[PDB]
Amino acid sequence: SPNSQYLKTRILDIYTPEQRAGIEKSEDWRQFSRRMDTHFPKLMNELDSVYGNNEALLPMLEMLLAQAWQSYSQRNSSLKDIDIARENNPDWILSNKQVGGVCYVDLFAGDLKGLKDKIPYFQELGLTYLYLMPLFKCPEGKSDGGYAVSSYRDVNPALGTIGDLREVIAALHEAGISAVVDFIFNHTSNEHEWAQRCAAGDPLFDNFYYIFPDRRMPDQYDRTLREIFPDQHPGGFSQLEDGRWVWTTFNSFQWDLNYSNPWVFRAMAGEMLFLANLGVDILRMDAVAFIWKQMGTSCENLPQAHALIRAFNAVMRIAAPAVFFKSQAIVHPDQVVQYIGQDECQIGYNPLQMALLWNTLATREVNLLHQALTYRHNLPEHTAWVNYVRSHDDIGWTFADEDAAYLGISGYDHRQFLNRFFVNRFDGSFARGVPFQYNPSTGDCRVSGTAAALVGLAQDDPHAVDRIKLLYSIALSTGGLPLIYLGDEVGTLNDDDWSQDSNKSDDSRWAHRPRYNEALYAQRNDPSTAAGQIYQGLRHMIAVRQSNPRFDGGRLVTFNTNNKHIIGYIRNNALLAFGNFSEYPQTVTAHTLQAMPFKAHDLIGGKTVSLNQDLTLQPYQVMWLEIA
């Protein structure tokens, strides 16, 4: 395997003697060269563990490094300053000062220019991180809400131009907000040029996807493949009009890129560098679990998938240090955490905490949540969870069966309950969600619906507002970067038109992808409305989280409340948080609180509370006690 010093000499071969001498003593090369020596070894190792002795590896690598140099050379000076900062401050993602938001530009602000006008509100809310849903060219009509990419560089016409995007990012950076977008690197739409040329037989795009002549291998593969959208098609393949079959983990119009071909990695790295130079701070690595296939396995979370992501990480450490990765793996908890690492994905969605927040509201029992916060919360250094309550997706019950078993809970039986409960098919349920991808041959089902709809705000449940505040209080204080699904801060309900829109009716997720509700946002400052109650409640928690250093970092120690309905944990040994998931008042006995200070200030209610006496929490009440 070639070394850094060697590959660099060949990178400079494109220059004439006169030019070369000039490049070698330039500041940009000096930085690139230094980063090369520090991170190239990782890049080489990761690529070698995947491609091995593939004859194309070296040629691919050199081509990748050459364009990596050009990319960094072209990279804007301001971004290079952010690179140096991020380099010396890896834990910026762990700061309590960070609070993120996510929205669809079209649904939330109409278009990119319209989004730019929304920045003041984002600052008003306190955001320091803004994630924008798929913004690039995609098939007309059905594109899986933009996740079927037809181009990673041409902005969706309906949203604007690449120019508007560059303006938005700059404006966001001016407002003290990091820009976060998707890097749908596991698949492209079937209309993407690469897909068209590959299927057409263009030798330049040969083996860019997985295409088979018939069902022989697809059938073999399907023996162990999980079905993501069983409603769309069985197994993981879709048939082309010419009779052939292509690997389509998701919708039939989304073709899985073939990373077993090193040229595919190089290509995607090229697209990654493009996004990097737009000034993007964080790339949401979509479906990181599926980027590697192997007959006889689930084709999820395979070793090479982690290796490839770590290779991508190295490229950024070399050509754009400011760019971090956000894992979005919605899989078994043992698998979720493996993607999070300083050299892989620095942050990642915490689906386990999210799913259990909802689980707890339904059962009123914090057992699973407590268990999760006790054994699966803390992460290795320089990494952090992205805690959330809802997102653009359906809710999957990805808690661990093994974990549930230890508690005497049958995973399968429990999901049946959760699913029925949240789709309002369980007596007394306050939830008003809708089913998503019910799978007859497995019994698995997911849930769609906005946070407000799931807590009962649709029927005006008097507990709805407090439920929303309780859930978000957990995501905002457990440790990690909290991501708010914009629209939630004002109690936005499900969309009322999706089911009759022919391009959406077969995907219930659109039920929880409502547009900006002018009426609710106009009430965000009226304490007499649910919108104002929700907004002011969340904003207050946001203000406290960002100003109080006791919430800094991502580590926590759970506190046994001795009340099955109350969750408890401590941040930095100075902040004791209590959360009552019961619709009835619940108590934490004085006996349980004996080791705590006699008195402590509660940042939520702003009152001083005595801990040397029984502490009774009102229904769904949240307390953030400063015990130090």
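Start at 1 with the first residue shown and count on from there.
Averaged over Cα atoms, the B-factor as recorded in the entry is higher for 231 to 239 than for the other of 333 to 341 and 231 to 239. Taking only CA atoms, the mean B-factor in the PDB entry is higher for 435 to 443 than for the other of 435 to 443 and 388 to 396. Between the residues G163, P134, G270, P303, the entry's highest C-alpha temperature factor is the one at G163.
Reading the B-factor column for the CA atoms of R509, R364, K293, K116 in the entry, the top value corresponds to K116. The entry lists a Cα temperature factor for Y121 that places it in the middle third of the chain's modelled residues.
Remark: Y349 belongs to the lowest third of its chain, ranked by C-alpha B-factor as recorded. Sort the chain's modelled residues by C-alpha temperature factor and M596 lands in the highest third, per the entry. In this PDB entry, the Cα temperature factor of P139 sits in the top third of its chain's modelled residues, the highest group. Sort the chain's modelled residues by C-alpha temperature factor and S78 lands in the highest third, per the entry.
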